[PDB]
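Participant:
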Ligand SMILES: O=S(=O)(c1ccccc1)N(Cc1ccccc1)[C@H]1CNC[C@@H]1N(Cc1ccccc1)S(=O)(=O)c1ccccc1
Ligand SMILES: [Cl-]
Ligand SMILES: [Cl-]
Ligand SMILES: [Cl-]
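Chains as they are written, first to last, in the entry's author numbering: chain A, 1 to 99; chain B, 1 to 99.
(1) Can you pull every residue whose C-beta falls closer than 6 Å to some heavy atom of ligand 2, listed in chain order?
(2) So residue 88/A packs on residue 73/A, CB below 8 Å; how close in whole Å?
(3) DSSP puts residue 57/A in a beta bridge; with which residues?
(4) Can you give me the C-alpha to C-alpha distance between residue 42/A and residue 5/B, rounded to a whole angstrom?
(5) Checking the sheet assignment: what are the DSSP bridge partners for residue 97/A?
(6) Can you tell me the Cα-Cα spacing of residue 18/B and residue 7/B, whole angstroms?
(7) So the candidates are 95/A, 97/A, 62/A; which of them puts its Cα closest to the Cα of residue 40/A?
(8) Got a sec: does ligand 1 put a non-hydrogen atom nearer than 6 Å to the Cβ of residue 80/B?
(9) What separation, rounded to the nearest whole angstrom, lies between the Cα atoms of residue 37/A and residue 52/A?
(10) By Cβ distance below 8 Å, which residues in the same chain neighbour residue 130/A in space, the five residues on each side in sequence not counted?
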C-alpha cells in the first residue's frame, strides 16, 4: 500500500493471537506495545522521549503480522500511551519513506 | 527520494538560514525542534510523548527546507530528544509510507 500522512498511519496487527491497532512510526527505533503477555524470556529496558522514560519488557524473536505481512523481531511491552511499530519491524515488511 | 529504515531516517533541514539534522517521524503529529530562536509571536501547545505531556512553544507559518524541499508551516520548539519533522510538514513535501 501507499499510506498517506494526512492522518496517523494506523494499521491492524496480529500478535500473540490478538488483533491490535498500531502506529507505523519511522522515528521509533523499536516496536512498543501496551501491556500484554508474550511467550519466552524477557529482560528489562528503558525507553524515553518527550515527557521522560518508561520501563518495558523486551521479548526477542516474536512473530507478528502487519497488514498481511509476516515478520519476526523484538517487541517491547509496557505502559506506552500508543501501540508503535518501529523501524526494527518496518524494515522487515519493506516499508520506505517516499517523496 | 526513497528512504529505507535500517538506520534512523535523518536528513538535513534549513531554518533561519542554518543547517540542522532532523529525524523524519511518521509517529509525530507535529514538527518539534530543539531550543532555537524563531521570529514572531508564539502560542502554547501541549504535546504527548512516550512519558507524558509537556508544554512547548508554537510558531506558525515558518519557512523551513527539508531535504531541499520548501515548506512553510507550524514549528514547535521544546526539549525534544532530537529535531523531529512530523506529519504536518511531511505532508507538505509529499511524503508517504510504502510497502
Ligand atoms: O519524543 S517523542 O515521544 C515525540 C516527539 C515529537 C512529537 C511527539 C512525540 N518521540 C520522538 C523520539 C523519541 C526518542 C528517540 C527518537 C525520537 C516519539 C515519536 N515517534 C517516535 C517516538 N515514540 C513513539 C511515539 C510516542 C508518543 C506519541 C506517538 C509516538 S517513543 O514511544 O518515544 C519510542 C522511543 C524509543 C523507542 C520506541 C518508541
Ligand atoms: Cl529486532
Ligand atoms: Cl531494503
Ligand atoms: Cl503546519
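Every residue gets a Cβ at the ideal spot worked out from N, C-alpha and C, and that includes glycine.
Facilitator: Let me spell this out:
(1) Having a Cβ closer than 6 Å to some heavy atom of ligand 2 are 73/A, 74/A, 88/A.
(2) The sequence position of residue 88/A within the first chain is 88, counting from 1. The sequence position of residue 73/A within the first chain is 73, counting from 1. For residue 88/A against residue 73/A, the beta-carbon gap comes to about 5 Å, under 8 Å, which counts as contact.
(3) The count along the first chain starts at 1 and reaches residue 57/A at position 57. BP columns for residue 57/A point to 44/A, 77/A.
(4) Mapped onto the first chain, residue 42/A falls at position 42. Mapped onto the second chain, residue 5/B falls at position 5. C-alpha separation (whole angstroms): 25 Å.
(5) For the purposes of this step, residue 97/A is taken as the residue at position 97 of the first chain. According to DSSP, which records beta bridges pairwise, residue 97/A is partnered with 3/B, 97/B.
(6) On the second chain, position 18 is the one that residue 18/B refers to. On the second chain, position 7 is the one that residue 7/B refers to. Each residue's Cα considered, the two are about 24 Å apart.
(7) Counting from one through the first chain, the residue named residue 40/A turns up at place 40. With distances taken between Cα atoms, residue 40/A lies closest to 62/A.
(8) Working through the second chain from its first residue, we reach residue 80/B at position 80. Residue 80/B: yes, Cβ under 6 Å from ligand 1.
(9) One-based indexing of the first chain puts residue 37/A at position 37. One-based indexing of the first chain puts residue 52/A at position 52. Our two residues, residue 37/A and residue 52/A, have alpha carbons roughly 24 Å apart in a direct line.
(10) The question about residue 130/A has no answer here: the residues shown for chain A are numbered 1 through 99.
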